[PDB]
């Protein structure tokens, strides 16, 4: 029968017959205790033992979220929505093993995104039944406490220290370091890879000293800690704890007695509050995310990066072509799913204070002027393409580019990619192009299947990036093959080579958006 003896107990999975083969999927193994009762809003502890054999054979609890229903019934909005009922006992992990059980297969651990408030491992696209078989590697998947339950930070106080959600991952990565050799995995060749908050969490694990021995390499897909939304300042994050307690009716006597009120009230009672906690919110506001807790993160991430106090390893970071367009349909004026969404001049201007509330009028006019240099004016699609690039470069494109530039300075091979392919089955309209988060379908090898109505060009592309994603994990270079493939050069600060991922042609280019990103580096900080 199919059972593996953990250093922790016994768990069994299933047979998933894939592509005409088989994989071993142990899905929903706990790596910590149910964080309710006497232990929530705090870091997780190591789980003791179970005597009954654990049936780790169905998607465990998605951790509680504020479920997005701004457009009910639509696929693309309900696609990222958790596939499992919500609660606080949510600290499980999925792991798919290629069958037959391998010898020292390279391990990959996916960190889901969602802006440190949403997201869950149980989603259909975060799944590695493909990656496990096509390249014969082990794929691990985790669920961490998201929102105010894993990122409520009272600095120094153990009862709510901060970045507990990031500590869930550190414990989840510790489980794989303890007992994945029983599954057949190589605890020495372990690659992190995430997206939009996982890529941000992947980068934060390059900083945390407690994780310097728990993985080998990193892959950052449209995310990094130097993004303006990744880490919030300490005495602004500690504040949004006090206003939360002020919100739930808790008057202060000291700073410790208050936490016990935070615990008594209901789970969804407090997630109702993750929207009012920040008054000047914006569609890219992280109301409760990572911060400087002194234990997980010694200082602000930009300081440790500049001083070079991070894990010296090889990374694979890249962005998509139209990251910013996903955030315009959630509040920006004149932007809808069922339009073509043309805008005039100042709906871009007022489309700036929605994303830049605390910026001077000179700052917004500087943003407007720099993104107004038209190649063709009377082109009506100008201002909507401009606003998408404004949100895209400020939040994901440049933060990933300059991170690699600074990471490359310390002498480790880094590779950058630019995803320009729009999937045919993307349910959102065409004006949003290659949208944020819709490249992971290719990363997990979904087009590799013929029954999802994916065209042949996309599956050749999916098999291409799955091969290099896997090759980088085992070897350190995301090479395709030799004697028929386009070489992926290393990114370094002087030439800044990056690889394009599309169906037309995988090209080598230099200095991605160097003219645009210079604004957000050399001028906008001075505004």
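Positions refer to the first chain, counted from 1.
A summary of the deposited B-factors shows that, of 366 to 374 and 145 to 153, the stretch with the larger mean C-alpha value is 145 to 153.
Once the C-alpha B-factors are averaged per stretch, 471 to 479 and 35 to 43 rank with 35 to 43 first. Note on the listed residues 312, 321, 205, 451: the highest Cα temperature factor in the record is that of 451.
Out of 85, 402, 350, 299, it is 85 whose C-alpha atom has the highest B-factor in the PDB entry. The entry lists a Cα temperature factor for residue 129 that places it in the middle third of the chain's modelled residues. Annotation for residue 464: CA B-factor lies in the lowest third of the chain's modelled residues.
Ranked by C-alpha B-factor against the other modelled residues of its chain, residue 486 falls in the middle third. Among the modelled residues of the chain, residue 339 sits in the highest third by CA temperature factor in this PDB entry.
Per the deposited record, the Cα B-factor of residue 15 falls in the highest third when ranked against the other modelled residues of its chain.
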